[PDB]
Structure formats: C-alpha cells, structure tokens
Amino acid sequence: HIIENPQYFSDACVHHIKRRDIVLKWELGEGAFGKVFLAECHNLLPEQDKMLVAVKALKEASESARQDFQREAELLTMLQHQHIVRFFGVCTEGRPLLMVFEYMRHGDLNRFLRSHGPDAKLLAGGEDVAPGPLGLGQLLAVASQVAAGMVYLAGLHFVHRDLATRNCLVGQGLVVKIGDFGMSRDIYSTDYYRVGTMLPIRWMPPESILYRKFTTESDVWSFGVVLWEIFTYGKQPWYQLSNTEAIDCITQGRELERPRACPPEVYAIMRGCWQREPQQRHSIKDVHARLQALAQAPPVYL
C-alpha cells in the first residue's frame, strides 16, 4: 500500500484493549448491524482489576465501514465529559470489532422511562428507584443532565443529530448520560423514517426536514422533544401519526401538546426549543440553567 494523498498524522490517543481482557457474559441488546454485551473487563482500571462494562460488537463489513469505526472511536476519545457515557477504548484485535463503554445499570432512558410510566404493564424498580412514576424533581434532574451533556457538545461545535431518550443511558443513582446507537436496534425502528437513509423525523426541526441543515440550534429543537419524551414517560412524539403526517406537523408549525405530568414552566422551555427560526431558539446553556433552576425547586403542579 503506497501513499498518494495528503496524510494527516495528528490523531486522538485511542485506548486499545486486548481481547483476552474482555470476557463476554451475555447479550444486553441487538440491532441489524451490531450487538451490545455485558462483560467483565480485566486490567482496565487500577485497584478495580475486574469490572463490569458494556461492549458493543459492530459488524463493520467494508474498508469504509472500518474507517467509520476508527473515525468514531477517535471522536469518542476526544469528546469525553461528565454527562457523556464513558468510553474506555476499542478492540480491533480479531473480529468482530469491539467498543468498550461503562455499564449503565438501567439501560437506555426510553426503556427506563416506559418501565416507570403509569401505563407500564409490569412495575420495574430496584434499590435506587421507587417502582411506578418518578418525582417531578427526578424528571427535571434527568433532563438537566442530558442538557448538560449537550452544552459540552455545543462548545466543541458538535451536533448529535439523533438526540432522543433511546440514545441516553441511565446508570446507578439515576445518573443520566448521553450516548448513541448506530446499530439500528429493531426496538427503535419506528422512530426512524426510511426511504430507499434513516432519519429520526419526529425529533428533527423544520430546517433539517425542509432545508437539509443541521446546526447546534437543531439539537436544541431535538432536546425540546426529549423534554417531551421525559414527561410522557417515553411515549413516541406524534404516536398516532405516520412519518409523513409527522413531517406535515413539523413543517406546518404544529407543536406537541403539553404532557399530562408536565408543568407549564417546563412546557415553556419546550416551546422555546420549538421556535421555527433557529436563531430565535434559546441557547442550550439557557435551557440547561432554567432546568437546573427548576430542579433545585420543583414547581407545584396538579
């Protein structure tokens, strides 16, 4: 293989994990192009010679696929922060290619929210969470932490483009962190519009649908929808409507209704996120600060 293009040396110090140090216990989740496993990982952290981790096994077929894998591994090494799920490294030794993340006890935020909702067919609960509905303060803490993660991404001129509760993870003590899923889980497929391309239509603003534009202000719109998700306990936006009908709502300026468990003060934040003009939307810092204020002193609501 010979060099015939500009070569950029500069790179992220991506941590490589030996495959022998990863011990797969069992499958946690599955998608069309990947699996998530629970695993024990040796020699990863000090004085914690053994620890539980979430291991993504990704089916990267082409050379282009493995380039995307390396590109992503590079970005996640750079983007490490407090409300972003912790990425420990990769295993490109053999096949499949693995990405190692921290174990988040309660899984993704959508499934978590659904399991604590009023319409939950079974009660989910543990040592850290009470079965059934969460507190208003707990709901605000969740949103506030997600917002905090978005502040950091916006600071680095970085757009998620698929900000939704399904891509947020929930750990012990109800610590919420932003992650992502490229594996196309069969559980969250109706959340994406398919033609020929996969678009999270119901979470996307007018400018993305109409003009194909995505900025940090588009993530603010998407966060407003996450806020709606949280206060409906993981219900799908426009759940009655089809993908095209939902596109009609967003492009005609028809907004999501105030949830049953949502105070007007919290709905005002959502409405602020859903301004048609991106420049007219509140900054993610301003949204975060307002959520954090409300989390310290939750409003009274019936």
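Counting begins at 1, following the sequence as shown. For the two forms, the rigid core is made up of the largest set of C-alpha atoms that agree within 1.5 Å on superposition.
How do 244-252 and 25-33 compare in 9 other deposited structures of this protein: which one has C-alphas farther from this form after the rigid core is matched?
Output: 25-33, the stretch lying farther off on average in 9 other deposited structures of this protein.
Core-superposed in 9 other deposited structures of this protein, which stretch deviates more in Cα positions, 106-114 or 87-95?
The more displaced stretch in 9 other deposited structures of this protein turns out to be 87-95.
Output yes if residue 47 is unmodelled in at least a third of the other compared entries of this protein, no if it is modelled in all of them.
Residue 47: unmodelled in a third or more of the comparison entries.
Taking the other PDB entries of this protein that cover both neighbours, check whether residue 5 lacks coordinates in at least a third of them.
Comparison shows residue 5 dropped in at least a third of the other entries.
Using the PDB record, quantify the missing residues of the deposited sequence between residue 94 and residue 95 as none, 1 to 3, 4 to 9, or 10 or more.
Going from residue 94 to residue 95, the model skips no residues of the deposited sequence.
Between 272-280 and 43-51, name whichever shows the higher mean Cα B factor according to the PDB entry.
Higher of the two, by average CA B-factor, is 43-51.
Report the stretch with the higher mean CA temperature factor, choosing between 211-219 and 226-234 on the basis of the entry.
Of 226-234 and 211-219, the stretch with the higher C-alpha B-factor average is 211-219.
Looking at 65, 28, 266, 247, which has the biggest Cα B factor in the entry?
Answer, based on the entry's C-alpha B-factors: 65.
Among the chain's modelled residues, which third holds the C-alpha B-factor of residue 72?
Middle third by C-alpha B-factor.
Taking the C-alpha B-factors as the PDB entry records them, is residue 89 in the lowest, middle or highest third of its chain?
Residue 89: CA B-factor falls in the lowest third of its chain.
Ordered by C-alpha B-factor within the chain, which third holds residue 117? Give me lowest, middle or highest, please.
Its C-alpha B-factor belongs to the middle third of this chain's values.
Looking at the C-alpha B-factor of residue 288, is it in the lowest, middle or highest third of its chain?
Lowest third, going by the recorded CA B-factors of the chain.
Taking only the Cα B-factors deposited for this chain, tell me whether residue 83 sits in the lowest, middle or highest third.
For residue 83, whose C-alpha B-factor we compare with every modelled residue in the chain, the answer is the middle third.
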